[PDB]
Amino acid sequence: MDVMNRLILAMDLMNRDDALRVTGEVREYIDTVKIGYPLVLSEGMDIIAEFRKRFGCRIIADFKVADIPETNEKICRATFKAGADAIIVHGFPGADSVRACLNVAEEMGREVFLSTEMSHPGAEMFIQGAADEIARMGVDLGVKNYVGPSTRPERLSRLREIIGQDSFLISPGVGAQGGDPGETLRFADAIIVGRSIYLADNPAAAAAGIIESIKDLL
Amino acid sequence: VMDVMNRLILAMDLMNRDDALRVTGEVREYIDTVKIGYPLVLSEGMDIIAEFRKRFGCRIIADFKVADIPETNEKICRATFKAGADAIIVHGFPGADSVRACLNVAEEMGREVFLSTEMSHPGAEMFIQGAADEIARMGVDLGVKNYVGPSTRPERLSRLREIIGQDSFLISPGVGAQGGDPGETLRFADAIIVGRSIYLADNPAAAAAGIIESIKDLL
Ligand SMILES: O=c1cc(O)n([C@@H]2O[C@H](COP(=O)(O)O)[C@@H](O)[C@H]2O)c(=O)[nH]1
Ligand SMILES: O=c1cc(O)n([C@@H]2O[C@H](COP(=O)(O)O)[C@@H](O)[C@H]2O)c(=O)[nH]1
């Protein structure tokens, strides 16, 4: 997956007008948008097609899929029907649940991203201790796309070691949560950035600033 | 605690509005509590909650397995309660801050959180099972009152009931299609969740009635 400027916008505004306007403002800097439940549950699944119509961007549906296999399959089908290019899936519920998502993604020509370790403090309680094993499970299952934490570059580095250089790794927690763009890109192929861009006084200048700071890495 | 008619919650995971409405209407005399998840919501919109409220006298539990960072969890809970859900189901494995974010919104908005403890499917044995007792204890520490645990592992459901105490509310999926027994599950759970055994039946009303007949002495 070829992400422009190694920068994925996390579009978590919850109003259609603002989400479309802000995405429009930074469109020259990105070609990949992560859309999650804050926007989808506020404005409907039709928002995905709208983004494709307006921007042509790729859409990663960050739905943290985390149910039993049968339900996971349904969630993935509905999500890809809406035009998402990829979906993010939790590993903590185990291999059968991940495989259910992989099957639908294969059927519809899409990609699954596996959540390994999350970026927030609570991730230390249960997720962190399972994360290396989740990553190895991904490798065993043939998962090629992974998500890991900007806020813990030592953990992000370990996760990169496990999955290898051929796998694709994206990383949230940059900016608002304290992660550094350049340091994160030592290990991740692309950074995910939400609030530092979409809550900025000038989102275009914020995006430009981030890109300037990583210019040598592009 | 919510007063669940016949101790039976319908898991309405049909993805077509017409079928979902038809089946729910057919079983309405037996069930006043419906669990609506992402299969239906992502197919038909959050307005499906509004439509169920309009058509049926049913409480709505939004089974959204909320499993993000605290900031995103808050946004998901707010959107879900705004749409009219009485309660939302949240994962515990992302940790206490993520659960607390949901509890805070629920408190502010006058609604309820249900905490997933151990899940019912085989994959739950890999990571969730080993964390589940601690997830339940965490819920107790955080003041969580409502919990979800697995019909498919009676011994685990029993232990989770002990952890949360008799005063907590416990609902349990995995009955029917996944192999769990209604009566055995109700030894520990306040209510059972049933999906496919009802909604894929030739006569969903007869299927619901049959389940209820089998647990009649437990009502
Ligand atoms: O470990 C993770 C996984 C995520 O998907 N995310 C998501 O990435 C985005 C981070 O946005 P922000 O840059 O505003 O912190 C949010 O949409 C969040 O749900 C995260 O923050 N940490
Ligand atoms: O551990 C769990 C937790 C659940 O919410 N569920 C949910 O409960 C329902 C079970 O439906 P069914 O009776 O068709 O197996 C589904 O909506 C599933 O997503 C589950 O099966 N196991």
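Other protein chain C-beta atoms within 10 Å of residue C-beta, averaged over B:78-91: 2. The phi torsions of the range B:199-213, fed into the Karplus equation with coefficients 6.51, -1.76 and 1.60 and a -60° offset, translate into couplings of 6, 9, 5, 4, 10, x, 5, 5, 5, 4, 4, x, 4, 5, 4 Hz, rounded to whole numbers, with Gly and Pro shown as x. Non-local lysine pairs in chain B, meaning eight or more places apart or on different chains, with alpha-carbon distances under 27 Å, amount to 15.
Here chain B is assigned +1 on the Cβ of each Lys and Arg and -1 on the Cβ of each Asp and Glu. Its dipole about the Cα centre then comes out at about 240 debye.
Give the average, rounded to an integer, of partner chain Cβ atoms located within 10 angstrom of each Cβ in A:55-64.
Mean shielding count: 2.
Binning the C-alpha pair distances of chain A at 10 Å intervals from 0 yields a P(r) profile of 9, 36, 38, 17, 1 %, listed from the shortest bin outward. Projected onto planes of every orientation and averaged, the convex hull of the alpha-carbon atoms in the protein assembly as shown covers 19.1 nm². Spin-label pair residue B:3-residue A:140: with each label point 7 Å from Cα along the Cα-Cβ axis, the two points sit 4.9 nm from one another. In a fully extended conformation the segment linking residue A:183 and residue A:154 would gain 9.4 nm over its present Cα-Cα distance, using 0.36 nm per residue.
Take each of the peptides A:3-14, B:126-137, average the number of other beta-carbon atoms within 10 Å over its residues, and list them starting from the highest.
Final packing ranking: A:3-14, B:126-137.
Placing a label point 7 Å from the Cα of residue A:81 along the Cα-to-Cβ direction, the residues of the range A:92-114 whose backbone N falls under 16 Å from that point are A:104-105, A:107-109.
Partner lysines whose Cα lies under 21 Å from the Cα of residue A:53, excluding those fewer than 8 positions away in the same chain, are identified as A:34, A:81.
Please state, rounded to one decimal and in Å, the Kirkwood hydrodynamic radius that the range A:1-90 gives when every pair of distinct Cα atoms enters the mean of 1/r. Radius from the Kirkwood sum: 13.3 Å.
Taken together, the values in this text are just the output of simple stated rules run on the coordinates, not laboratory data. All Cβ positions, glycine included, derive from the backbone under ideal geometry; neighbour counts span all protein chains shown.
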